[PDB]
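Data file: protein24.pdb. Format and content: PDB, C-alpha atoms and all ligand atoms.
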```pdb
ATOM      1  CA  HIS A 388     -27.631  21.233 -49.910
ATOM      2  CA  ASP A 389     -25.371  21.116 -52.949
ATOM      3  CA  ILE A 390     -24.396  17.851 -54.612
ATOM      4  CA  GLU A 391     -20.699  18.704 -55.088
ATOM      5  CA  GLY A 392     -20.210  19.827 -51.484
ATOM      6  CA  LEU A 393     -22.069  16.739 -50.236
ATOM      7  CA  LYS A 394     -20.530  13.383 -51.185
ATOM      8  CA  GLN A 395     -20.254  11.630 -47.798
ATOM      9  CA  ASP A 396     -23.745  10.060 -47.843
ATOM     10  CA  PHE A 397     -24.220   6.473 -49.001
ATOM     11  CA  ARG A 398     -27.888   7.061 -49.897
ATOM     12  CA  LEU A 399     -30.683   9.567 -49.300
ATOM     13  CA  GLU A 400     -32.988  10.088 -46.342
ATOM     14  CA  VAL A 401     -36.701   9.460 -46.800
ATOM     15  CA  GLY A 402     -38.539  12.745 -47.299
ATOM     16  CA  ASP A 403     -35.740  14.563 -49.118
ATOM     17  CA  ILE A 404     -36.387  16.394 -52.387
ATOM     18  CA  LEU A 405     -34.034  15.602 -55.272
ATOM     19  CA  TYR A 406     -33.671  18.103 -58.125
ATOM     20  CA  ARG A 407     -32.602  15.785 -60.936
ATOM     21  CA  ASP A 408     -31.787  16.546 -64.558
ATOM     22  CA  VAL A 409     -34.429  16.418 -67.276
ATOM     23  CA  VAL A 410     -34.486  13.005 -68.951
ATOM     24  CA  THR A 411     -36.150  11.534 -72.021
ATOM     25  CA  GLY A 412     -39.841  10.902 -71.369
ATOM     26  CA  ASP A 413     -40.476  13.921 -69.152
ATOM     27  CA  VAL A 414     -43.395  16.198 -69.974
ATOM     28  CA  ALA A 415     -42.835  19.861 -70.784
ATOM     29  CA  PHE A 416     -44.994  22.859 -71.629
ATOM     30  CA  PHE A 417     -44.146  24.166 -75.089
ATOM     31  CA  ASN A 418     -45.352  27.606 -76.131
ATOM     32  CA  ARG A 419     -45.146  30.069 -79.030
ATOM     33  CA  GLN A 420     -46.108  33.740 -78.861
ATOM     34  CA  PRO A 421     -48.602  35.218 -79.542
ATOM     35  CA  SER A 422     -50.869  32.688 -77.781
ATOM     36  CA  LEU A 423     -54.145  33.113 -79.656
ATOM     37  CA  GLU A 424     -55.615  29.598 -79.431
ATOM     38  CA  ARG A 425     -55.601  27.398 -76.347
ATOM     39  CA  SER A 426     -53.473  24.854 -78.215
ATOM     40  CA  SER A 427     -50.644  27.421 -78.230
ATOM     41  CA  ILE A 428     -49.413  25.870 -74.961
ATOM     42  CA  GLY A 429     -49.163  22.095 -75.119
ATOM     43  CA  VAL A 430     -47.419  19.297 -73.263
ATOM     44  CA  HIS A 431     -44.863  17.238 -75.188
ATOM     45  CA  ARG A 432     -42.736  14.269 -74.184
ATOM     46  CA  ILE A 433     -39.114  15.384 -73.985
ATOM     47  CA  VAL A 434     -36.526  13.674 -76.178
ATOM     48  CA  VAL A 435     -33.109  14.829 -74.993
ATOM     49  CA  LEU A 436     -30.639  15.378 -77.838
ATOM     50  CA  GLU A 437     -27.239  14.041 -76.771
ATOM     51  CA  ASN A 438     -25.446  16.006 -79.507
ATOM     52  CA  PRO A 439     -23.683  18.960 -77.808
ATOM     53  CA  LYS A 440     -23.788  21.020 -81.027
ATOM     54  CA  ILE A 441     -27.612  21.169 -81.166
ATOM     55  CA  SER A 442     -29.161  24.279 -79.605
ATOM     56  CA  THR A 443     -32.652  24.226 -81.156
ATOM     57  CA  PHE A 444     -36.056  22.929 -80.068
ATOM     58  CA  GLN A 445     -36.809  20.225 -82.628
ATOM     59  CA  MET A 446     -40.345  19.022 -83.290
ATOM     60  CA  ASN A 447     -42.284  17.187 -85.969
ATOM     61  CA  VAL A 448     -43.485  19.365 -88.835
ATOM     62  CA  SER A 449     -47.029  18.027 -88.377
ATOM     63  CA  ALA A 450     -47.025  19.514 -84.855
ATOM     64  CA  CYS A 451     -46.708  23.084 -86.172
ATOM     65  CA  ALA A 452     -50.479  23.324 -86.701
ATOM     66  CA  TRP A 453     -51.036  23.568 -82.935
ATOM     67  CA  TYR A 454     -48.857  26.673 -82.600
ATOM     68  CA  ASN A 455     -49.239  28.235 -86.078
ATOM     69  CA  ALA A 456     -45.460  27.930 -86.260
ATOM     70  CA  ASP A 457     -42.875  27.462 -88.984
ATOM     71  CA  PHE A 458     -39.095  27.218 -89.260
ATOM     72  CA  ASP A 459     -38.237  30.606 -90.770
ATOM     73  CA  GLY A 460     -36.737  31.763 -87.464
ATOM     74  CA  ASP A 461     -39.501  31.387 -84.895
ATOM     75  CA  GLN A 462     -38.629  30.971 -81.219
ATOM     76  CA  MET A 463     -40.722  29.008 -78.727
ATOM     77  CA  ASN A 464     -40.692  28.852 -74.935
ATOM     78  CA  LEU A 465     -40.350  25.625 -72.965
ATOM     79  CA  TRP A 466     -40.617  25.016 -69.224
ATOM     80  CA  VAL A 467     -40.529  21.573 -67.609
ATOM     81  CA  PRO A 468     -42.908  21.152 -64.642
ATOM     82  CA  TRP A 469     -41.202  20.078 -61.426
ATOM     83  CA  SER A 470     -44.011  20.147 -58.859
ATOM     84  CA  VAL A 471     -45.915  16.874 -58.580
ATOM     85  CA  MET A 472     -49.260  18.685 -58.792
ATOM     86  CA  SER A 473     -48.290  20.536 -61.973
ATOM     87  CA  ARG A 474     -46.636  17.432 -63.438
ATOM     88  CA  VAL A 475     -49.812  15.373 -62.967
ATOM     89  CA  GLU A 476     -51.993  17.972 -64.666
ATOM     90  CA  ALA A 477     -49.611  18.338 -67.616
ATOM     91  CA  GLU A 478     -49.981  14.628 -68.402
ATOM     92  CA  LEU A 479     -53.764  14.479 -67.962
ATOM     93  CA  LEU A 480     -55.089  17.867 -69.138
ATOM     94  CA  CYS A 481     -52.505  19.803 -71.151
ATOM     95  CA  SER A 482     -51.235  16.932 -73.315
ATOM     96  CA  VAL A 483     -51.240  17.843 -77.001
ATOM     97  CA  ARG A 484     -53.425  14.815 -77.761
TER      98      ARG A 484
ATOM     99  CA  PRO B 297     -43.040  60.155 -61.163
ATOM    100  CA  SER B 298     -46.274  59.419 -59.292
ATOM    101  CA  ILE B 299     -47.912  56.481 -57.545
ATOM    102  CA  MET B 300     -50.863  56.315 -59.961
ATOM    103  CA  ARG B 301     -48.624  56.438 -63.052
ATOM    104  CA  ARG B 302     -47.448  52.913 -62.182
ATOM    105  CA  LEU B 303     -50.918  51.436 -62.879
ATOM    106  CA  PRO B 304     -52.321  52.297 -66.323
ATOM    107  CA  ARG B 305     -50.388  51.261 -69.414
ATOM    108  CA  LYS B 306     -48.970  47.967 -70.706
ATOM    109  CA  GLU B 307     -45.747  48.415 -68.719
ATOM    110  CA  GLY B 308     -47.929  49.316 -65.734
ATOM    111  CA  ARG B 309     -48.466  47.449 -62.493
ATOM    112  CA  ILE B 310     -51.635  45.619 -63.519
ATOM    113  CA  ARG B 311     -50.682  44.401 -66.996
ATOM    114  CA  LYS B 312     -46.980  43.670 -66.393
ATOM    115  CA  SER B 313     -46.745  42.477 -62.771
ATOM    116  CA  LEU B 314     -50.227  41.060 -62.075
ATOM    117  CA  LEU B 315     -51.777  39.871 -65.343
ATOM    118  CA  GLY B 316     -48.330  38.875 -66.617
ATOM    119  CA  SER B 317     -45.311  37.367 -64.887
ATOM    120  CA  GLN B 318     -41.566  36.805 -65.110
ATOM    121  CA  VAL B 319     -40.795  33.192 -64.218
ATOM    122  CA  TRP B 320     -37.833  30.946 -63.473
ATOM    123  CA  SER B 321     -37.208  27.410 -64.756
ATOM    124  CA  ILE B 322     -38.000  28.298 -68.364
ATOM    125  CA  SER B 323     -36.102  28.090 -71.641
ATOM    126  CA  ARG B 324     -36.297  29.684 -75.082
ATOM    127  CA  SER B 325     -34.644  28.718 -78.356
ATOM    128  CA  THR B 326     -35.215  28.709 -82.095
ATOM    129  CA  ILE B 327     -37.385  25.835 -83.277
ATOM    130  CA  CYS B 328     -36.316  23.320 -85.895
ATOM    131  CA  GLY B 329     -37.720  20.512 -88.011
ATOM    132  CA  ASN B 330     -37.217  16.865 -87.091
ATOM    133  CA  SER B 331     -39.194  14.163 -88.896
ATOM    134  CA  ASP B 332     -38.028  11.386 -86.543
ATOM    135  CA  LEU B 333     -39.880  12.852 -83.544
ATOM    136  CA  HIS B 334     -43.482  12.015 -82.740
ATOM    137  CA  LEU B 335     -46.132  14.729 -82.863
ATOM    138  CA  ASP B 336     -46.317  14.652 -79.049
ATOM    139  CA  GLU B 337     -42.519  14.780 -78.658
ATOM    140  CA  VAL B 338     -40.102  17.714 -78.612
ATOM    141  CA  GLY B 339     -36.366  17.620 -79.218
TER     142      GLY B 339
ATOM    143  CA  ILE C  39     -83.466  60.988 -39.384
ATOM    144  CA  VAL C  40     -80.689  58.698 -40.621
ATOM    145  CA  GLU C  41     -78.147  59.099 -37.835
ATOM    146  CA  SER C  42     -74.455  58.455 -37.229
ATOM    147  CA  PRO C  43     -73.021  54.976 -37.911
ATOM    148  CA  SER C  44     -73.378  52.432 -35.113
ATOM    149  CA  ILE C  45     -71.639  49.177 -34.197
ATOM    150  CA  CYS C  46     -74.444  46.964 -35.554
ATOM    151  CA  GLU C  47     -73.402  48.044 -39.048
ATOM    152  CA  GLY C  48     -69.830  48.151 -40.306
ATOM    153  CA  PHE C  49     -68.853  44.523 -39.678
ATOM    154  CA  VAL C  50     -66.098  43.249 -41.963
ATOM    155  CA  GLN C  51     -65.953  39.601 -40.803
ATOM    156  CA  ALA C  52     -68.609  37.610 -42.649
ATOM    157  CA  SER C  53     -70.831  35.391 -40.524
ATOM    158  CA  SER C  54     -69.990  31.701 -40.307
ATOM    159  CA  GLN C  55     -71.815  29.170 -42.463
ATOM    160  CA  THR C  56     -73.472  25.795 -41.913
ATOM    161  CA  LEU C  57     -72.607  23.028 -44.378
ATOM    162  CA  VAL C  58     -75.857  21.586 -45.758
ATOM    163  CA  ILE C  59     -75.169  18.267 -47.487
ATOM    164  CA  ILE C  60     -77.764  17.310 -50.093
ATOM    165  CA  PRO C  61     -79.031  13.754 -49.458
ATOM    166  CA  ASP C  62     -77.774  11.142 -51.889
ATOM    167  CA  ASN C  63     -81.167  10.518 -53.510
ATOM    168  CA  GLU C  64     -81.769  14.256 -54.106
ATOM    169  CA  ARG C  65     -78.539  14.959 -56.005
ATOM    170  CA  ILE C  66     -78.574  16.592 -59.436
ATOM    171  CA  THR C  67     -74.912  16.634 -60.441
ATOM    172  CA  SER C  68     -73.532  13.886 -62.658
ATOM    173  CA  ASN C  69     -72.270  10.562 -61.306
ATOM    174  CA  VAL C  70     -69.187  10.862 -63.541
ATOM    175  CA  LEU C  71     -65.984  12.668 -62.629
ATOM    176  CA  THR C  72     -64.972  15.426 -64.994
ATOM    177  CA  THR C  73     -61.433  15.507 -66.341
ATOM    178  CA  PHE C  74     -60.801  18.523 -64.105
ATOM    179  CA  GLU C  75     -62.000  16.676 -60.996
ATOM    180  CA  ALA C  76     -60.126  13.474 -61.858
ATOM    181  CA  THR C  77     -56.937  15.447 -62.522
ATOM    182  CA  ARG C  78     -57.315  17.319 -59.226
ATOM    183  CA  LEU C  79     -57.911  14.059 -57.340
ATOM    184  CA  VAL C  80     -54.851  12.407 -58.878
ATOM    185  CA  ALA C  81     -52.658  15.460 -58.242
ATOM    186  CA  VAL C  82     -53.775  15.782 -54.611
ATOM    187  CA  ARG C  83     -53.255  12.072 -53.965
ATOM    188  CA  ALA C  84     -49.828  12.138 -55.635
ATOM    189  CA  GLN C  85     -48.713  15.117 -53.546
ATOM    190  CA  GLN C  86     -49.981  13.496 -50.341
ATOM    191  CA  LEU C  87     -48.139  10.286 -51.251
ATOM    192  CA  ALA C  88     -45.020  12.390 -51.787
ATOM    193  CA  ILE C  89     -45.631  13.685 -48.249
ATOM    194  CA  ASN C  90     -46.725  10.499 -46.463
ATOM    195  CA  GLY C  91     -46.323   7.526 -48.808
ATOM    196  CA  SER C  92     -48.748   5.276 -46.913
ATOM    197  CA  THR C  93     -50.930   3.474 -49.459
ATOM    198  CA  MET C  94     -52.935   0.251 -49.647
ATOM    199  CA  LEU C  95     -52.220  -0.378 -53.333
ATOM    200  CA  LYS C  96     -51.276  -4.029 -53.790
ATOM    201  CA  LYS C  97     -49.095  -3.358 -56.835
ATOM    202  CA  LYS C  98     -45.793  -1.484 -56.628
ATOM    203  CA  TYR C  99     -44.843   1.621 -58.613
ATOM    204  CA  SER C 100     -41.858   3.960 -58.388
ATOM    205  CA  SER C 101     -43.712   7.264 -58.825
ATOM    206  CA  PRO C 102     -46.447   9.052 -56.844
ATOM    207  CA  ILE C 103     -48.287   9.897 -60.073
ATOM    208  CA  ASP C 104     -48.596   6.242 -61.092
ATOM    209  CA  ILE C 105     -49.682   5.191 -57.596
ATOM    210  CA  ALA C 106     -52.322   7.936 -57.496
ATOM    211  CA  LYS C 107     -53.611   6.970 -60.948
ATOM    212  CA  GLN C 108     -53.875   3.297 -59.996
ATOM    213  CA  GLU C 109     -55.572   4.212 -56.708
ATOM    214  CA  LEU C 110     -58.165   6.235 -58.618
ATOM    215  CA  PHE C 111     -58.610   3.433 -61.159
ATOM    216  CA  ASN C 112     -58.803   0.702 -58.499
ATOM    217  CA  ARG C 113     -61.288   2.809 -56.475
ATOM    218  CA  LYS C 114     -59.086   3.000 -53.373
ATOM    219  CA  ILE C 115     -58.440   6.763 -53.202
ATOM    220  CA  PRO C 116     -59.125   8.365 -49.772
ATOM    221  CA  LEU C 117     -60.711  11.557 -51.113
ATOM    222  CA  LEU C 118     -64.158  13.036 -51.692
ATOM    223  CA  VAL C 119     -65.417  15.645 -54.158
ATOM    224  CA  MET C 120     -67.580  18.380 -52.634
ATOM    225  CA  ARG C 121     -69.566  20.293 -55.265
ATOM    226  CA  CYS C 122     -70.632  23.648 -53.814
ATOM    227  CA  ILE C 123     -74.168  24.230 -55.091
ATOM    228  CA  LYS C 124     -75.237  27.487 -53.456
ATOM    229  CA  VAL C 125     -74.434  29.892 -50.624
ATOM    230  CA  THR C 126     -77.768  31.039 -49.094
ATOM    231  CA  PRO C 127     -78.114  34.535 -47.575
ATOM    232  CA  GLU C 128     -79.353  33.128 -44.254
ATOM    233  CA  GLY C 129     -76.021  31.341 -43.807
ATOM    234  CA  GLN C 130     -76.421  27.840 -45.211
ATOM    235  CA  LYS C 131     -73.935  26.433 -47.735
ATOM    236  CA  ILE C 132     -75.698  23.759 -49.798
ATOM    237  CA  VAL C 133     -73.124  21.378 -51.299
ATOM    238  CA  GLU C 134     -72.980  17.924 -52.892
ATOM    239  CA  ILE C 135     -70.698  15.178 -51.558
ATOM    240  CA  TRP C 136     -69.617  12.685 -54.226
ATOM    241  CA  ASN C 137     -67.513   9.560 -53.715
ATOM    242  CA  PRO C 138     -64.951   8.975 -56.509
ATOM    243  CA  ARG C 139     -64.951   5.260 -55.676
ATOM    244  CA  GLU C 140     -68.426   4.870 -57.205
ATOM    245  CA  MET C 141     -68.265   7.348 -60.100
ATOM    246  CA  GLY C 142     -67.032   6.791 -63.633
ATOM    247  CA  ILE C 143     -63.417   7.842 -64.174
ATOM    248  CA  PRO C 144     -63.001   9.736 -67.485
ATOM    249  CA  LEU C 145     -59.241   9.131 -67.722
ATOM    250  CA  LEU C 146     -57.531   6.491 -69.862
ATOM    251  CA  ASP C 147     -54.723   4.026 -69.139
TER     252      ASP C 147
ATOM    253  CA  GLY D1202     -37.910  93.967 -82.678
ATOM    254  CA  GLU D1203     -34.303  93.065 -83.540
ATOM    255  CA  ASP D1204     -33.734  90.777 -80.534
ATOM    256  CA  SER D1205     -33.211  87.011 -80.570
ATOM    257  CA  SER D1206     -32.314  86.264 -76.932
ATOM    258  CA  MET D1207     -35.900  85.514 -75.841
ATOM    259  CA  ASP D1208     -37.186  83.859 -79.012
ATOM    260  CA  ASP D1209     -39.260  80.704 -78.670
ATOM    261  CA  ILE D1210     -37.033  77.620 -78.653
ATOM    262  CA  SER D1211     -39.715  75.380 -80.174
ATOM    263  CA  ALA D1212     -40.124  77.842 -83.069
ATOM    264  CA  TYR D1213     -36.657  77.104 -84.483
ATOM    265  CA  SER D1214     -37.898  73.705 -85.652
ATOM    266  CA  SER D1215     -40.264  73.402 -88.594
ATOM    267  CA  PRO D1216     -43.469  75.179 -87.488
ATOM    268  CA  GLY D1217     -46.555  73.053 -86.995
ATOM    269  CA  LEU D1218     -47.027  69.399 -86.156
ATOM    270  CA  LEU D1227     -56.629  57.821 -80.237
ATOM    271  CA  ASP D1228     -55.364  54.277 -80.800
ATOM    272  CA  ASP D1229     -52.327  53.632 -82.971
ATOM    273  CA  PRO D1230     -53.422  50.981 -85.512
ATOM    274  CA  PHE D1231     -49.861  49.677 -85.992
ATOM    275  CA  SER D1232     -48.835  49.491 -82.314
ATOM    276  CA  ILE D1233     -48.798  46.152 -80.472
ATOM    277  CA  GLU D1234     -50.085  47.497 -77.160
ATOM    278  CA  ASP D1235     -52.694  44.862 -76.268
ATOM    279  CA  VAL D1236     -50.533  42.094 -77.777
ATOM    280  CA  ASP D1237     -48.393  40.571 -75.016
ATOM    281  CA  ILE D1238     -45.393  39.250 -76.954
ATOM    282  CA  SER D1239     -41.760  39.599 -75.913
ATOM    283  CA  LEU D1240     -39.768  42.222 -77.801
ATOM    284  CA  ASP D1241     -36.936  39.710 -78.333
ATOM    285  CA  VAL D1242     -39.148  37.180 -80.157
ATOM    286  CA  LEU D1243     -40.787  39.586 -82.613
ATOM    287  CA  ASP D1244     -39.732  37.435 -85.589
ATOM    288  CA  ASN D1245     -42.798  35.246 -84.992
ATOM    289  CA  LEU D1246     -44.792  38.116 -86.544
ATOM    290  CA  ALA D1247     -42.817  37.992 -89.793
ATOM    291  CA  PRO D1248     -45.106  37.564 -92.831
ATOM    292  CA  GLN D1249     -42.979  34.671 -94.161
TER     293      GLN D1249
HETATM  294 MG    MG E   1     -41.973  32.927 -88.767
END
```

Can you dump the structure from the file as structure tokens?
Ligand SMILES: [Mg+2]
Amino acid sequence: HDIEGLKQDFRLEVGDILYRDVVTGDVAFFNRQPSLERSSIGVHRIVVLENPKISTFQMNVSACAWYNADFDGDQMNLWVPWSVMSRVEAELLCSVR
Amino acid sequence: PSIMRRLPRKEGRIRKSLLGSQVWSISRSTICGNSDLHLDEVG
Amino acid sequence: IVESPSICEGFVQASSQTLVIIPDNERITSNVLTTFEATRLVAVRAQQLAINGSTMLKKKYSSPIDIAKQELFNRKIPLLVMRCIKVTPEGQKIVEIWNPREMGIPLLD
Amino acid sequence: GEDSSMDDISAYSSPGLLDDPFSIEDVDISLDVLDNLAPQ
């Protein structure tokens, strides 16, 4: 069901699946190609930038050592886990710590 | 065009459709510096 | 004379197996969960809570992941870890049954 | 010996001419993100 075509419900029914927006504090897999080391894909806590004019993936400069990255024009992938099973394992196994 | 031509090379069946994958729910953008973010945080 | 194929040979379905559980005193694997096993336990419990939601955790949390983590930490998780040791040609499947309520959890919180 | 109708087509070009060392064939990187390989 859509959310714009469905506005007659006071609350939700138990068992439903809600596809909510990504918020600050969510974990995300963050990758740069080529992936040579196994630290090339790491899990970071998302900080959502409220500025509508920002279109870049910002990270601390000390975090570039994981990905062998720099800011001369590199592009990096990012996918946010949504499944509970994949979201658990991102926090416990794939965290950049 | 042949059935067995689909297999071998990098753009072949094995290395492009099986060992690799096109996925949804993924994003790409240029990276940037931000000294106010933690090492385990991404803007 | 090696003759034409018969029905005795040519079976595709593998024969069924008998689960042989090693006794507790004769176990060799470690009494400590690996990070892989702990992560799998927490993920499975979180998904099942997302399905059912019935838990005996006394505290209250608003996420299946947190509830699963606290269940693992409080040793109240309804799961077992079966470590497959060997599949014997005669049919037996020797495994190890470990209880995560009496093993050391490697996670941190 | 004065005919040109059935001359070899490939002979009008200049006559004459296993792994490519400079080809990224076993490197699985998207062709749209090749700037990560810049020497910088
Ligand atoms: Mg670069």

Got a sec to resolve the PyMOL selection byres (((chain B and resi 325) around 12) and not hetatm) on this structure and send the residues as a count of residues only? 25

At most 7 Å from ligand MG 1 (chain E) (all atoms listed in the file): residue list as a list in words: residues 456, 457, 458, 459, 460 and 461 of chain A; 1244, 1245, 1246, 1247, 1248 and 1249 of chain D

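With distances restricted to all atoms listed in the file, A:446 is the closest residue to chain B from A:474, A:451, A:446, A:481.
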
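Straight-line separation from CA of residue 1232 (chain D) to CA of residue 427 (chain A): 22.5 Å.
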
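Distances here use all atoms listed in the file; by that measure, the residue among B:335, B:314, B:319, B:300 closest to chain A is B:335.
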
Please provide as a CSV table (one decimal) with C-alpha atoms, keeping the file's coordinate frame all residues within 12 Å of residue 100 (chain C), with the sequence filter that same-chain residues fewer than 3 positions apart are discarded (counting only C-alpha atoms).
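Writing done, so here's result.csv:
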```
chain,number,residue,atom,x,y,z
C,84,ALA,CA,-49.8,12.1,-55.6
C,87,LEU,CA,-48.1,10.3,-51.3
C,88,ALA,CA,-45.0,12.4,-51.8
C,91,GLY,CA,-46.3,7.5,-48.8
C,97,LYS,CA,-49.1,-3.4,-56.8
C,103,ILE,CA,-48.3,9.9,-60.1
C,104,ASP,CA,-48.6,6.2,-61.1
C,105,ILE,CA,-49.7,5.2,-57.6
C,106,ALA,CA,-52.3,7.9,-57.5
```

Practice task
Quick one: apply the PyMOL selection byres (((chain C and resi 61) around 12) and not hetatm) to the file and drop the selected residues here as JSON, numbers by chain.
Solution key: {"C": [58, 59, 60, 62, 63, 64, 65, 66, 132, 133, 134, 135, 136]}

Applied to the shown file, which residues does the PyMOL selection byres ((chain A) within 8 of (chain C)) return, written as a PDB file with C-alpha atoms, in the frame of the given file?
```
ATOM      1  CA  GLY A 402     -38.539  12.745 -47.299  1.00  0.00           C
ATOM      2  CA  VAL A 471     -45.915  16.874 -58.580  1.00  0.00           C
ATOM      3  CA  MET A 472     -49.260  18.685 -58.792  1.00  0.00           C
ATOM      4  CA  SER A 473     -48.290  20.536 -61.973  1.00  0.00           C
ATOM      5  CA  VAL A 475     -49.812  15.373 -62.967  1.00  0.00           C
ATOM      6  CA  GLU A 476     -51.993  17.972 -64.666  1.00  0.00           C
ATOM      7  CA  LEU A 479     -53.764  14.479 -67.962  1.00  0.00           C
ATOM      8  CA  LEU A 480     -55.089  17.867 -69.138  1.00  0.00           C
TER       9      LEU A 480
END
```

N, CA and C atoms are what I want for region 1217-1248 of chain D; can you complete it accordingly and write them as a PDB file, in the coordinates of the input?
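The result, stored in result34.pdb:
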```
ATOM      1  N   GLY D1217     -45.466  73.994 -86.843  1.00  0.00           N
ATOM      2  CA  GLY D1217     -46.555  73.053 -86.995  1.00  0.00           C
ATOM      3  C   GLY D1217     -46.204  71.669 -86.494  1.00  0.00           C
ATOM      4  N   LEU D1218     -47.183  70.778 -86.605  1.00  0.00           N
ATOM      5  CA  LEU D1218     -47.027  69.399 -86.156  1.00  0.00           C
ATOM      6  C   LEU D1218     -45.950  68.674 -86.955  1.00  0.00           C
ATOM      7  N   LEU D1227     -57.527  57.719 -81.380  1.00  0.00           N
ATOM      8  CA  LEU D1227     -56.629  57.821 -80.237  1.00  0.00           C
ATOM      9  C   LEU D1227     -55.718  56.599 -80.154  1.00  0.00           C
ATOM     10  N   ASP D1228     -56.145  55.504 -80.776  1.00  0.00           N
ATOM     11  CA  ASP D1228     -55.364  54.277 -80.800  1.00  0.00           C
ATOM     12  C   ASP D1228     -54.481  54.233 -82.040  1.00  0.00           C
ATOM     13  N   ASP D1229     -53.231  53.829 -81.848  1.00  0.00           N
ATOM     14  CA  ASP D1229     -52.327  53.632 -82.971  1.00  0.00           C
ATOM     15  C   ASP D1229     -52.629  52.291 -83.626  1.00  0.00           C
ATOM     16  N   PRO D1230     -53.052  52.263 -84.892  1.00  0.00           N
ATOM     17  CA  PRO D1230     -53.422  50.981 -85.512  1.00  0.00           C
ATOM     18  C   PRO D1230     -52.260  50.020 -85.684  1.00  0.00           C
ATOM     19  N   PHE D1231     -51.023  50.510 -85.718  1.00  0.00           N
ATOM     20  CA  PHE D1231     -49.861  49.677 -85.992  1.00  0.00           C
ATOM     21  C   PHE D1231     -49.062  49.341 -84.740  1.00  0.00           C
ATOM     22  N   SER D1232     -49.560  49.696 -83.560  1.00  0.00           N
ATOM     23  CA  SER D1232     -48.835  49.491 -82.314  1.00  0.00           C
ATOM     24  C   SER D1232     -49.355  48.245 -81.610  1.00  0.00           C
ATOM     25  N   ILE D1233     -48.439  47.356 -81.238  1.00  0.00           N
ATOM     26  CA  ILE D1233     -48.798  46.152 -80.472  1.00  0.00           C
ATOM     27  C   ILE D1233     -48.784  46.559 -79.001  1.00  0.00           C
ATOM     28  N   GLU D1234     -49.931  47.055 -78.541  1.00  0.00           N
ATOM     29  CA  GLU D1234     -50.085  47.497 -77.160  1.00  0.00           C
ATOM     30  C   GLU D1234     -50.936  46.549 -76.329  1.00  0.00           C
ATOM     31  N   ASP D1235     -51.937  45.911 -76.931  1.00  0.00           N
ATOM     32  CA  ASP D1235     -52.694  44.862 -76.268  1.00  0.00           C
ATOM     33  C   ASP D1235     -52.238  43.470 -76.683  1.00  0.00           C
ATOM     34  N   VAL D1236     -51.142  43.370 -77.428  1.00  0.00           N
ATOM     35  CA  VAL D1236     -50.533  42.094 -77.777  1.00  0.00           C
ATOM     36  C   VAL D1236     -49.348  41.880 -76.847  1.00  0.00           C
ATOM     37  N   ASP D1237     -49.434  40.859 -76.000  1.00  0.00           N
ATOM     38  CA  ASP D1237     -48.393  40.571 -75.016  1.00  0.00           C
ATOM     39  C   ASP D1237     -47.436  39.555 -75.631  1.00  0.00           C
ATOM     40  N   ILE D1238     -46.442  40.062 -76.354  1.00  0.00           N
ATOM     41  CA  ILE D1238     -45.393  39.250 -76.954  1.00  0.00           C
ATOM     42  C   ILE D1238     -44.056  39.900 -76.632  1.00  0.00           C
ATOM     43  N   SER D1239     -43.066  39.077 -76.289  1.00  0.00           N
ATOM     44  CA  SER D1239     -41.760  39.599 -75.913  1.00  0.00           C
ATOM     45  C   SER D1239     -41.119  40.337 -77.081  1.00  0.00           C
ATOM     46  N   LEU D1240     -40.401  41.417 -76.764  1.00  0.00           N
ATOM     47  CA  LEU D1240     -39.768  42.222 -77.801  1.00  0.00           C
ATOM     48  C   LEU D1240     -38.568  41.524 -78.427  1.00  0.00           C
ATOM     49  N   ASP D1241     -38.070  40.457 -77.809  1.00  0.00           N
ATOM     50  CA  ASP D1241     -36.936  39.710 -78.333  1.00  0.00           C
ATOM     51  C   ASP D1241     -37.353  38.539 -79.212  1.00  0.00           C
ATOM     52  N   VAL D1242     -38.654  38.317 -79.390  1.00  0.00           N
ATOM     53  CA  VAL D1242     -39.148  37.180 -80.157  1.00  0.00           C
ATOM     54  C   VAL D1242     -40.121  37.707 -81.208  1.00  0.00           C
ATOM     55  N   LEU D1243     -39.890  38.941 -81.660  1.00  0.00           N
ATOM     56  CA  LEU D1243     -40.787  39.586 -82.613  1.00  0.00           C
ATOM     57  C   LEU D1243     -40.755  38.952 -83.996  1.00  0.00           C
ATOM     58  N   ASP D1244     -39.794  38.072 -84.279  1.00  0.00           N
ATOM     59  CA  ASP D1244     -39.732  37.435 -85.589  1.00  0.00           C
ATOM     60  C   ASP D1244     -40.865  36.447 -85.825  1.00  0.00           C
ATOM     61  N   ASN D1245     -41.615  36.072 -84.786  1.00  0.00           N
ATOM     62  CA  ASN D1245     -42.798  35.246 -84.992  1.00  0.00           C
ATOM     63  C   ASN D1245     -43.895  35.981 -85.745  1.00  0.00           C
ATOM     64  N   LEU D1246     -43.821  37.308 -85.825  1.00  0.00           N
ATOM     65  CA  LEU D1246     -44.792  38.116 -86.544  1.00  0.00           C
ATOM     66  C   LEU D1246     -44.370  38.386 -87.980  1.00  0.00           C
ATOM     67  N   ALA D1247     -43.264  37.796 -88.425  1.00  0.00           N
ATOM     68  CA  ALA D1247     -42.817  37.992 -89.793  1.00  0.00           C
ATOM     69  C   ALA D1247     -43.833  37.401 -90.768  1.00  0.00           C
ATOM     70  N   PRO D1248     -44.114  38.087 -91.879  1.00  0.00           N
ATOM     71  CA  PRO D1248     -45.106  37.564 -92.831  1.00  0.00           C
ATOM     72  C   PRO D1248     -44.739  36.212 -93.413  1.00  0.00           C
TER      73      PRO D1248
END
```
